[PDB]
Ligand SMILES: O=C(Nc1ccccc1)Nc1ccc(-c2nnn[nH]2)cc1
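First, one chain by itself: the form solved without this ligand, in structure tokens.
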């Protein structure tokens, strides 16, 4: 089993299935200690899942529009 119980990152899991249209709020936490951890709270599901940072829409939106 891949057991990585060593904390240098909050989001160990990432969902790439996140659609910006269904994202109520997201935030990319750029940890120098880890990498990009992003969170998506669904408008409909109301639940939050860590978003995969390599999603093209994520970086083009949160990183290019919000962050710039």
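Residue numbers count along the first chain shown, from 1.
If you look for the form deposited with this ligand bound, you will not find it shown, but the lines that follow are about it.
Under a 4.5 angstroms non-hydrogen atom cutoff, this ligand in the deposited complex lacks residue 35 among its neighbouring residues. In the deposited complex, this ligand sits within 4.5 Å of a heavy atom of residue 49. Shown alone here, residue 17 lies within 4.5 Å of this ligand in the deposited complex, counting heavy atoms only. For the stretch 32 to 68, the set of residues having any non-hydrogen atom within 4.5 angstroms of this ligand in the deposited complex comprises 42, 44, 45, 47, 49, in sequence order.
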